[PDB]
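This report concerns only the one structure given below.
Here the Cβ positions follow ideal geometry from the backbone for every residue, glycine too, while neighbour counts run over all protein chains shown. Quick note: the coordinates plus some simple rules give every number you see, no bench work behind them.
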Amino acid sequence: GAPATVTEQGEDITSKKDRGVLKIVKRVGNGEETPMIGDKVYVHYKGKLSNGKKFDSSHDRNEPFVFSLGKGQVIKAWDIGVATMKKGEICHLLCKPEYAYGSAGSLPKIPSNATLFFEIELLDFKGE
Ligand SMILES: COc1ccc(CC[C@H]2OC(=O)[C@@H]3CCCCN3C(=O)[C@@H](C3CCCCC3)NC(=O)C3(CC3)NC(=O)COc3cccc2c3)cc1OC
């Protein structure tokens, strides 16, 4: 499935070039602008452990998820990955533990040393 395809063929979007954050565009977005550090960004998403059977269903998929880009409000993989998205884009993102919850995890749902997989839809962003 998509997690395996992204693992094998995804673009490495990390500064270290450690394949720690891998991306494949699912739906091409609009324009060329991407969100900038400090912007408020608004997304829809689905996430899971990369080997999991189903996407987690413990948020309202209709409500935007909002955060300030590049401020460490979300896991590193999202700060890196959302920065690369155009408005309207949907991507797949595969996140190795160092760019997610690392050795501590977030128990019980996220074990220690967990690789994560997301589908992210960028709705909007603004610099206000
Ligand atoms: C700077 O590093 C961090 C900053 C914040 C956190 C707290 C968790 C943070 O969640 C995430 O960053 C990511 C990506 C944004 C959507 C949610 N998320 C998750 O990992 C998922 C997760 C669920 C289980 C399968 C794997 C993905 N979390 C969720 O979807 C839920 C259940 C609903 N939890 C939350 O969204 C809790 O609220 C927030 C709100 C902001 C940041 C994070 C969590 C953890 C961090 O490092 C470990």
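Going through the cross-link list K16/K46; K17/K71; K40/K87; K53/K96; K87/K109, which pairs have a Cα-Cα distance over 24 Å in this structure? Don't skip to the answer; put the middle values down first.
On the way: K16/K46 26 Å; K17/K71 21 Å; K40/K87 13 Å; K53/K96 18 Å; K87/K109 30 Å.
Pairs exceeding the cut-off: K16/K46; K87/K109.
Please enumerate, by chain and number, the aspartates and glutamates with C-alpha under 19 Å from the C-alpha of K126, excluding those fewer than 8 residues away in the same chain.
Cα-Cα hits under 19 Å: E32, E33, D39, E63, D79, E89.
Given an 8 Å cut-off on Cα distances and at least 6 residues of separation, report the relative contact order of segment 38-116 as a percent. Mind showing how you got there, number by number?
Values: 99 pairs, mean separation 21.5, N = 79.
Relative contact order comes out at 27 percent.
Per residue, how big is the convex hull around the C-alpha atoms of the chain? Give it to me in cubic angstrom, could you?
Numbers: hull volume 13.9 nm³, N = 128.
It comes to 108 Å³ per residue, whole-number rounded.
What does the charge dipole of the chain about its Cα centre add up to, to the nearest 20 debye, if the Cβ of each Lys and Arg holds +1 and the Cβ of each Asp and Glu holds -1?
360 debye
I need the calculated FRET efficiency for the pair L49 and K126, taking r as the beta carbon distance and R₀ as 25 Å, to the nearest 0.05.
Working: r = 32 Å, r/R0 = 1.28.
Efficiency for this residue pair is about 0.20.
Quick one: grab the alpha carbon gyration tensor of segment 15-72, order the square roots of its eigenvalues as a ≥ b ≥ c, and give me rounded if a/c is under 1.5, else prolate or oblate depending on whether a/b is larger than b/c.
Details: a/c = 1.56, a/b = 1.16, b/c = 1.35.
Oblate, since a/c reaches 1.5 and b/c is not below a/b.
So for each of 5-14, 86-95, 27-36, 56-65 I average, over its residues, the number of other beta carbons within 10 Å; can you give me the resulting order with the highest mean first?
Details: 5-14: 15.0, 86-95: 20.7, 27-36: 13.0, 56-65: 10.8.
The peptides rank, most packed first, as 86-95, 5-14, 27-36, 56-65.
For the pair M36/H59, report the inter-label distance in nm, with labels modelled 7 Å from Cα in the Cβ direction.
Placing both labels 7 Å beyond Cα along the Cβ direction yields 2.5 nm.
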